[PDB]
Structures are given as C-alpha cells and as structure tokens.
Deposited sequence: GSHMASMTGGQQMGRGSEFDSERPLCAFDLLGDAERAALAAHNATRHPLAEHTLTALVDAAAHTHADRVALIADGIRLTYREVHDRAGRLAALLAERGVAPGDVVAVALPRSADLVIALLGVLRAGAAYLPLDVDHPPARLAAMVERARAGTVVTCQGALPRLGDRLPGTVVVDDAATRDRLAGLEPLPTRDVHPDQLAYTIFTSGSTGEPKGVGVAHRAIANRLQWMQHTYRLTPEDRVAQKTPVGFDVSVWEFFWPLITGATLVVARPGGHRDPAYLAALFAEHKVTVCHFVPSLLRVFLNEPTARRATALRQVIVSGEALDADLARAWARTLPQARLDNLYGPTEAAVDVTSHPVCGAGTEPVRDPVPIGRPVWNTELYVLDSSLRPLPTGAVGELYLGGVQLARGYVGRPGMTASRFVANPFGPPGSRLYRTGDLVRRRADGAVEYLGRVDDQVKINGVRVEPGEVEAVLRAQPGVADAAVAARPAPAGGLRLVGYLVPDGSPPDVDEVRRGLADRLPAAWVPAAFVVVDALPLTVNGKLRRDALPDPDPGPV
C-alpha cells in the first residue's frame, strides 16, 4: 500500500521549479569555482538552444561524454531542457564500447569536450566556435515534456550490453520519494562522486538540484581515493553521500574518514551490506545515519530502503534487510509457478509500479522476457523480474539472499559472466 500523489511528473518540472526558487543560491561547487542556480540554468538553456538548432527534438537521445565537472552537470540539464533523454558515456571505457552504445540507443548527437574527443553529431562544448555560438544564443525555454518520454538511457552488462530507458515519470517518483524521506534543505551538500554510467549518479546530480541544496563535485577519479574523499568532505562540509558496500569498506579503512563529521546521512546500495560493516560505520561516524537501498537499473535506481544506523534503528544483524518499498511500487516474492510465497519463504523478487523502465532500447524480445504481464496489479500492468532471491520477514521487511543466476558485482558494477 505505497500509493502516493506526485507534485510533479517530470524531472524538467522539478529542476525548473528549483531554479526559480533558489536562483541566487550556490548550486555547484566544482572545478575550483562556485556557480549559482541562475548561472547553471542559464548555461544549460544555451546548450539546449544549441541542441535544438542542431535538430535535437523531444523524444531524441543525446549521448554525453564529459569528465566529472561543471560542464557535465550543465550538459545533462541542457539535454533534458531540450526535451531529450541523456545517454551517459564514461570517458574511461574503450572507444568501441561507447560507439556500440551510441548505435544501439540511436543517439544522433554526442556532447563532449576537446580533452575527451579522441561519432555522428558531435558537439564540442569548449571548441572556440561552439563557445561563441553558446554565448550568442538566448537560453531555450524548457520544451514541453510528456511524463512517459525518457529522461535517461543507461547501459548495464548483458549476458552485448542492454540500454535501460527510464521515463520522466519513473525518475520523478524516485526523486520526490527521496526528498520526502531524507529532506534536503538548501544548507545541505551532497557529493557527486559516482561514475555517470552507474544510475546512482542520477540522484547525486538531480536530488540536490530539485531542492536548493549544493552539489559538491569530486575530481575525475577521486572516487578511487578515500583520503581525497575525506578531505573533500571536510573542506566543503558535505552532509550526504553514497557508497557501494565494497568502497564503504575502503573508506572506513582510511585513517582520516573520521574527519567527515558533517555527514548526516549516507546511502549504501549496489551490493549486500554486511552487519559488521554497518557496525564499523557507526563506530567511526556516530552522527551519520546509514540507510540500505536496493534496486535494479530497470526500476529507476532504487525500489526499497531500510534504516540501518541512527537513532531509532534496530540492532543490526545479518542479513541487513533491503527494507520496504518506496512510493507507488509493489514487491512480490514469487515461486517458479509465479505464485506468491507465504511470509518467510524464499523466492524471486518481482517489482511493480510507476518506476519500471520502458524497456531495453532496440531489444523488444529481451524486454518482453523480463518486463512481463502482472497477475496482481491493474489490468495491462507489468512486473520486472529481478533475478534476486529474497524473503519477507515477519515484520514485512525484505531480505536479499542471493541470485537465481551467475550475475556478479565488482566494485558495485553489475557484471554478467
């Protein structure tokens, strides 16, 4: 019973509302400088105008290949402003992989910069002629966006990688739920440290920017260096961040992690969270609450959450639950005959509700095999089969137990052997 009204149904509406309300606040701390909401949105509007004059229209997919920087943030916002979905390309991946993603997603435009240049429709934002054109365009008024148009297409490993298309409506639900639950204020500082190809980065970019809070952008590669992260967090009094379980362990093994005393909420997702790691977190940073979130890329970043560390939490023990569904989301634990299991029995987690992705771009057969008809929901609805073995506890919280298949995680990255 997670039904909940949504104030807005698109990410562009949420970002635009914040840009008006918080115009003269700092939006970004990045690259050694500070940009206000007004400045970030003026630059994103110029880029949207340039994209539109190059043929980008609502419904299109625009690839983005920029290192973590202010220009990356502006690019994502500019793509959305133009009515298009963004396809993030991690400039670390090899060229052949990036080219195949652009082809499968039918991205006709690639936004990049000179450093990360070495594909059809390349826009090089720091080319002299392009800088001059951006300065000579009026910021574009946000296009009208239908909630079922895509906001982003993110590739995951494929047993050929699959491109998951996630609609505006799905990510609007996910981000408004997050803000209701953890309540960023304009004084908050969330760190941008997750690679842009992992869908956790979607809320790092956009949650602070729909609330008036400040995004603190780590340098490219800095997510690999825990002493650098602890230094960045102390310097800018970062209050909210994410870790994957294996990199949380690396962070807590760093002597200066205890200097991140401004942290008030950390989100952990992507792999199973062990109880000894949660206990170690609470010994190192007692004032920082810790929540375990779970979900596949196919259902808009996370579908469940559980409070693990902080006032009011239960004593931690293994398995640490993945918790209870977010807004407008349903969880079913099914057997191999597609029947619901009684409480406590192990079966496979199936997901329903507003956050399901449209499907895998260009792959109807694969889509229909994993986003399947829903016996339980309204007529015509679908379920996503996760491949995760779970059980529901007496009190209703769900526990992750393992995989039905051979899928693995490296450092939070989904890898299909």
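Mapping the modelled residues onto the deposited sequence reveals missing stretches at 1-43, 162-166, 208-209, 468-557.
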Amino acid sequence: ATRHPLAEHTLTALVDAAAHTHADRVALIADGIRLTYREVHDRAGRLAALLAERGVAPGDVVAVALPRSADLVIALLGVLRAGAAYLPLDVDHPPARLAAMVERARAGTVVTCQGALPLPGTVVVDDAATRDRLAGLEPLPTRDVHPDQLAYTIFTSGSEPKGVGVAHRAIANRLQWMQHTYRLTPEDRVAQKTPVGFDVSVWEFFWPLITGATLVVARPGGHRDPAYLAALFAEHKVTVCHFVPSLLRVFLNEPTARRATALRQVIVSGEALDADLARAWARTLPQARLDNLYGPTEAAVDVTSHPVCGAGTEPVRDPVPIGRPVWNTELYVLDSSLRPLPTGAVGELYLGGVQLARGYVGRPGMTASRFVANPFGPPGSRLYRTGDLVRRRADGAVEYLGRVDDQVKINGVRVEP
From here on, numbers count along this sequence of modelled residues.
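Here 402-410 and 9-17 are compared by their mean Cα B-factor, and 402-410 comes out higher. When 27-35 is weighed against 388-396, 388-396 comes out higher, by mean CA B-factor as recorded in the entry. The entry lists C-alpha B-factors for 45, 362, 365, 377, and the highest of these is at 377. Residue-level inspection of the entry shows that, of 211, 114, 328, 192, 114 has the top Cα B-factor. Placement of the Cα temperature factor of residue 165 within the chain: lowest third of the modelled residues, per the deposited record. Ranked against the other modelled residues of its chain, the C-alpha B-factor of residue 71 as given in the entry falls in the middle third. Remark: residue 118 belongs to the highest third of its chain, ranked by C-alpha B-factor as recorded. When the modelled residues of the chain are ordered by C-alpha B-factor, residue 174 sits in the lowest third. Sort the chain's modelled residues by C-alpha temperature factor and residue 49 lands in the middle third, per the entry.
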